[PDB]
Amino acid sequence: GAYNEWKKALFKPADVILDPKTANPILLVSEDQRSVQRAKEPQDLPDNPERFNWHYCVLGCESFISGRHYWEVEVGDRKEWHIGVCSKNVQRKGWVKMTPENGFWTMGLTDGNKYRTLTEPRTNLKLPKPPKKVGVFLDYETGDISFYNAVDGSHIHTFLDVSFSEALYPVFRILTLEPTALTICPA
């Protein structure tokens, strides 16, 4: 609605491209670095320090330490996906639960129709329609991370008044083998 339109006018549109050096080896990062898909088997890649070696995650190339930013992600009909932001210093080696206290502010979909916010404990979301494009608002100084349906502007979830102390990266996670990719909408 009009509030979402006000916010998109205030917040700076971010041009997010995926960083292949961060992507778990089971992930396929597209050549234009806008899309991510899951491979049948892990790729033969180094275990460089930037790479998630357990979680099926990939980061954007640029992080945020200030300001108001937003980007939109086409999830389409994909039956499983989680997106949001995470701190630069999240645990990338070995499993960690993706939670705000561990530096992840994310939400998404499992099993086709189970929407969750990845809070601790996880919160189930009641969405009136399944989103096909999802917008992410980041307001660094106030500490707000918000998710919205990018087509009709309706609300999905707000993380409210977080105290950020690190740079923040867009983060993307996909677990399933299925033909629909995740694609970032360009700024």
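For the two forms, the rigid core is made up of the largest set of C-alpha atoms that agree within 1.5 Å on superposition. Sequential numbering from 1, following the sequence displayed.
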> How do 158-166 and 55-63 compare in 6 other deposited structures of this protein: which one has C-alphas farther from this form after the rigid core is matched?
Replying inline: 158-166
> Comparing 31-39 with 157-165, where is the mean C-alpha B-factor higher?
Replying inline: 157-165
> Taking the entry's C-alpha B-factors for this chain, is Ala23 in the lowest, middle or highest third?
Replying inline: middle
> Mind checking which third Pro121 falls in for C-alpha B-factor across the chain?
Replying inline: middle
> Lowest, middle or highest third of the chain for the C-alpha temperature factor of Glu101?
Replying inline: middle
> By the record's CA B-factor, is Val171 among the lowest, middle or highest third of residues in the chain?
Replying inline: lowest
> Going by what the PDB entry lists, where does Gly135 fall on CA B-factor within its chain: lowest, middle or highest third?
Replying inline: lowest
